[PDB]
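Okay, so here's the structure we're looking at.
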Amino acid sequence: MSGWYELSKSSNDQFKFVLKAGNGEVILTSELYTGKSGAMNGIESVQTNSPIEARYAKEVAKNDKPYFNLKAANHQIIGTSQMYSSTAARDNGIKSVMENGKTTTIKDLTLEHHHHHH
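According to the entry's author numbering, the sequence shown is numbered sequentially starting from 1.
Next up, the structure:
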């Protein structure tokens, strides 16, 4: 488990959490949740989905851009990855995601004024 979760607030007060591989490099970026309950519960969902590969969604853009999304049991979009360069980068990323996506290290940047990035 080399990575961790960071939840941050957007200009609309909407919350989005980012999963980092280990060195700080972000592998998963979730979209704007209108409520923290959905974001955090989304993280716990990812923890249960992490060992269950049947929950993934692997896609490649027409410009040969490999990426992947993560769905919960109700088929909702809880996680979304950033366009990688090589196909190998994507699948190696997934291996990291499975390892760290099941971590309990969660940082709240919404309540405290730690505005890292918009």
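Ideal placement from N, C-alpha and C gives every residue a C-beta, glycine not left out.
Between which two residues does the beta strand (DSSP E) carrying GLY79 extend?
Taken as a continuous stretch (DSSP letters only), the beta strand (DSSP E) holding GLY79 covers 77-80.
On the DSSP bridge assignment, give the partners of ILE43 in chain order.
Partner(s): none; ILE43 has no beta bridge.
Can you tell which of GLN14, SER86, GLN82, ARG55 has the C-alpha that lies nearest to the C-alpha of residue 206?
Here the chain comprises residues numbered 1 to 118, so residue 206 is not present and cannot be evaluated.
Which residues bound the alpha helix (DSSP H) around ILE94?
Start and end: 87-100.
Would DSSP call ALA73 helix, strand or coil?
The answer is coil: DSSP assigns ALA73 none of H, G, I, E or B.
What does the alpha-carbon distance come out to for the pair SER96 and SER8?
Distance between the alpha carbons of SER96 and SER8 is about 22 angstroms.
Judging by CA-CA distance, which residue of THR103, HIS114, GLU59 is the nearest neighbour of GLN82?
Among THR103, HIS114, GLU59, the Cα nearest to that of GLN82 belongs to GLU59.
With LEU111 as the anchor, note down where its beta strand (DSSP E) starts and where it stops.
From DSSP, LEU111 is part of no beta strand (DSSP E); its letter is neither H nor E.
Which one of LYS16, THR48, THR34, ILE77 has the shortest CA to CA distance from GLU99?
When each option's Cα is compared against that of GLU99, the closest is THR48.
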